[PDB]
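Residue numbers start from 1 in every chain, and the chains themselves are labelled A, B, ... in the order their sequence lines are given, proteins ahead of strands.
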Amino acid sequence: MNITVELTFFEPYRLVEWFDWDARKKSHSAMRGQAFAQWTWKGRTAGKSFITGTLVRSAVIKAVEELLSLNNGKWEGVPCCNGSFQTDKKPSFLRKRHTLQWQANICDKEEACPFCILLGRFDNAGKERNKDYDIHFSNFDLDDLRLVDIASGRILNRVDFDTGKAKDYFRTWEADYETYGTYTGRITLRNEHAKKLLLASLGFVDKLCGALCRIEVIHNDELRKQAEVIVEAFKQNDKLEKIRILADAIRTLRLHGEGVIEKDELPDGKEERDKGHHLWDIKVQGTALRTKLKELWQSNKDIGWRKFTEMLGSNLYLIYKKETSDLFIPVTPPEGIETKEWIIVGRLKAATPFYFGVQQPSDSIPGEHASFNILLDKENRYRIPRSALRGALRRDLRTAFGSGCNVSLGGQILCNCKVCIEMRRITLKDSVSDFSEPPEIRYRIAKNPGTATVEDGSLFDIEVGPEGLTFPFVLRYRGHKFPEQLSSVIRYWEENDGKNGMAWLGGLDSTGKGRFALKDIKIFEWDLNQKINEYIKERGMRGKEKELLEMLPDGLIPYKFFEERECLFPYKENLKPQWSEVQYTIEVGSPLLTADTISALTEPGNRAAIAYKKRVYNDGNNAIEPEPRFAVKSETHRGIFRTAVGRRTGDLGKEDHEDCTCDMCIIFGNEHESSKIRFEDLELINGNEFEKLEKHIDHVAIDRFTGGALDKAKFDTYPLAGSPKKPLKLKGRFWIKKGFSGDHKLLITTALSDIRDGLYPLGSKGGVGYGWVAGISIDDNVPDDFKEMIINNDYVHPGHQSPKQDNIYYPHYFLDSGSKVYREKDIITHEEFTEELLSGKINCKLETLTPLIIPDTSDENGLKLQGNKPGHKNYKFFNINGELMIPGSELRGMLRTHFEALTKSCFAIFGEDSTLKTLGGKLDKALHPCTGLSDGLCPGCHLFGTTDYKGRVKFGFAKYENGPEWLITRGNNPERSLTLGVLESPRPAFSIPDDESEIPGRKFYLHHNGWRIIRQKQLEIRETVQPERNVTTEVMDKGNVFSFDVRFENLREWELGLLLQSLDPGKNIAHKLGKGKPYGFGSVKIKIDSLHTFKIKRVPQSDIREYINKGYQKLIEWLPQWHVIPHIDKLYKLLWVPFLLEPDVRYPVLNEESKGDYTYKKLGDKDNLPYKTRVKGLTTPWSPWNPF
RNA sequence: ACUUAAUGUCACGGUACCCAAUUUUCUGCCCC
RNA sequence: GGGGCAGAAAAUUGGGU
Ligand SMILES: [Zn+2]
Ligand SMILES: [Zn+2]
Ligand SMILES: [Zn+2]
Ligand SMILES: [Zn+2]
């Protein structure tokens, strides 16, 4: 009586090379994969997959013994004995397992039990010749066939419990159950006595080859070549540095649709640029990169958009990188015991962006681009493997039990501990989310503690899934009683009203990746002892648990005896305190720029730097929510606290964090342990209260010599908005384990307190004043153990030529301080704060002595004057959220320029390779901008910082805090503006008229009241000059007070005094901000309101001295009288304000032009005036020019 | 046949896990 | 008599089990 039996795997099963019983001993995989499916080749490719008949027989007899245990060793009223499992040749496989037994004449080969003949105890065939078997299990063949088509190699793992690191790993060949998941075989049964029991066992076999199963009776060559063409074309442009970034852009293009390249939506470049985008408008093969990508897309339509973009990015990455003992255990259950099997169906919603790691492609081949890829199956949809889910359940049960074991491999004895007993009764299925969308890329860097900049070779990208995917959850427990320890884990994982889910599933848990909120839980159970008849009929609802989750099988009454969350002893005692949540919102009153630069090149808008935004999946509405959520990354959130504790405790700056037990290694984990604190993303919850959530802020580095924009230094950032009147709320959180002593909890409380004080700004451009934290409010749900724990300068400058004129002076002069530059090779590290050095904050007022011009260049039509005069770049004053502000880059720019001039630093921003030979070829070699810290750093470069060394002085965005707001012109278009003159580029050829003239110094602008000429001649300037050359903008009035902070850290005793002197050089001396400096606009006076010092302790005026006084002493060796030093007397003459009488200051005109005798081509003629122009345009800060 | 051996397959018997701040520097500025 | 730059230099994987 032949029986045709067909397999059907409902989750990825595993297979191994068949080898042989003699040859299995040689290879570890074959012995490990004895119970898996088998693979034999038909070269080493295109084999055939099968599962051995012996394995199916072992599963069947295990089902038989289980069923007979259910029915006291008697199925269908036919009694069966206890069987035999002892041998005096041994079988090819030894049971090494506890055997289910029962209470139950002798058995011979005449009237053997159905169990006996199912085992084939007394058949003609023993240990192979012909089909003499009473029951025969033939090989089950799957029903060409390359292995990579059926299976993909996967590296599994064994994670330690006391630590969090892996202890060992092994590979696997999880097959494709979707397509190649059906195996057909023959079972021949000579004796009809055990046919019913055999069929019942077939229907009772639940899983084989590591997968739930049912038993029922009866291209690249062309794309890589074109990527090589693109790389060679970039070589022709010498732009090979951005082919690495271009690969990332192509990889992220898979997130966007085909329209981003078909109907070009990539940034098109500036309108007047004439070069287009710096990356997309690159001629490859003489053809633009956007058009080249479009041609490639229409030439590779067959493979699909996501595949094409992935392969193109991977290929660009490759070409860039290519060039860069024997015991029997009879277990008899007590008579009358009731055994059941519970089903735990539900959805594993991801409360955090998850990550399930997988080995890199070309290494996962059984038989690419991102550093860490996420695990997906063949259809590119996210997968939660049962092995990763079961491994987390084992850890969580061990936590719930409180006493488990480190699971041992190869043990001849089943582990008798609490957790291992229940893992054998627990079976749980593999799950894939029905969401076939590309995983988001989340980059990561490591900051160098010494320099507070990135570490060399420490940038990597991680494929992470969206937050909110709902994966199906199936958990079957077959036992006599449902354990309260497993119910606790189900309740621990369940997302209650305040539990919010605690299923830490997958990897990267320290950065809050993979905290799943298990939900939609329904409990179903089978009365397996007395309601087994239709458990075989329905196959235990195997493979159709989605129907159970949606909704009525017979014999599957719901389990209503499932305890609540606050009713289980192992939950509240062991699982509830396992991780303690600390939720808090960070209030930042400054623009926030997390600098998602890769996404900037792809999204429309054409911004050099944009803000990082997440991609949150919505379960209710399906798909991804159209509006992405802006957030400070959890890794950025994690690393800021890690840096915070390192500087407070001195753990940062260590030579190497080996197997270390310091405070930071203990709290945040290291090579040989796991972090006991894990952080989540800092989502912006204050996003809907902003009229324009992001803000376009333009920046440019001003040349020290010419006082104008550099050759290539103009860059625009696109951070979030935010101001003191309207800050950003960032409701992040972190989880605290139950192992922190009082010292460590207080050590983190201080770290968060330092965040509140503003020591660690969020995102990039912290020194510019981005991401400055204005305060932290702790959530109520935070445990009480944590929440409860939380100047006038009297210097006066004389002045020489202006007082004795009641003369026309040149609008700018040069500070020739010489080439003597002192470099601090002993760089001050941003590591643990030094006791002898000083840190704190400076509160400074900012009074405008002349009208101020800080344009909000986010709009070229802020005053709405482009319609009347096309091409007229009308500007509005800089403002965030509607209130006027001065960006800290503007404040840092003049102070650094003043500090560099005061301390005789180098020309940090200088236009080299500019013909006048080049400008850089005549600036000596000590005033040149500083390279890496090997050659030392200038006092300005040691304080404000340079490349690969963060500056120790942070300038904030100046608020306003009352004052006379606007200057009223009474005749301008908005009645609160001023049309400026033709602001032309600085001309170094005037200051360097010949090769004999080596170089003038830093260009500084006088403090004249020449803006009144512009104010008075408003009618004569809007008509005699073309609108596209002039600029109009609203200007501040006289005596406008601002307020900005200077978060200075790790400054020497004299460095702080130097900057205070740099901030407030004294009476009659001020600074210059914004446009109109040649026109007398923007003369600002800085007054230090209060200096605070932490080691929070305000220093008095008596202590303000001896900072400036020895800062004066430092200048000597390179009340104080600053005019004694020759280069500070010249410096303060330029910054001298001669109206605190009314000197006349203007540029000469070209010949008899529209004058107001002091004309170019006469004053610039060698015959009329010798080449002493530099002798009076430089090194003489107030030389008269009209009488000369 | 490729491929099982049979009175004994806890491999669902093992989380690809751990360490890392997309940041550092830059006045939206200006005359032959 | 004339608009000029509108990003540049870097790091874009290194260690464990
Ligand atoms: Zn028997
Ligand atoms: Zn154990
Ligand atoms: Zn350490
Ligand atoms: Zn320098």
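- Checked for salt-bridge contact, A/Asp509 and A/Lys513 miss the test: no charged N lies under 4.0 Å from a carboxylate O.
- Using atom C1' as the reference point in both B/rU22 and C/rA10, the two lie 12 Å apart (nearest Å).
- C/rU17 and B/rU15 are spaced 14 Å apart, taking the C1' atom of each and rounding to whole Å.
- The base of B/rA5 lies outside donor-acceptor range of the side chain of A/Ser92, with no N or O pair under 3.5 Å.
- Not a single donor-acceptor pair, N or O on each side, falls under 3.5 Å between the base of C/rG16 and the side chain of A/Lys167.
- Side chain A/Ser387 to base B/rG14: no donor-acceptor pair is found below 3.5 Å.
- Spacing between atom CD1 of A/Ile445 and atom P of C/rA10 amounts to 18 Å, rounded to whole angstrom units.
- Under the 3.5 Å distance criterion, the side-chain polar atoms of A/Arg892 are matched with a main-chain donor or acceptor of A/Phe944.
- Across all strands shown, nothing is found opposite B/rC2 as a Watson-Crick or G-U wobble partner with both distances under 3.5 Å.
- RNA chain C is contacted by both A/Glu455 and A/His278; A/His278 maps to the nucleotide lying nearer its 5′ end (nearest heavy atom per residue).
- Residue contacts with the duplex place A/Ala608 in the major groove, since a side-chain heavy atom sits under 5.0 Å from one of the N7, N6, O6, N4 or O4 atoms while no minor-groove atom is that close.
- When Watson-Crick and G-U wobble pairs are counted only if both distances are under 3.5 Å, C/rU13 pairs with B/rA20.
- Distance check on atom P: B/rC32 versus B/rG28 gives 22 Å, rounded to whole Å.
- Remark: C/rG3 base-pairs with B/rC30. Criterion, Watson-Crick or G-U wobble with two distances under 3.5 Å.
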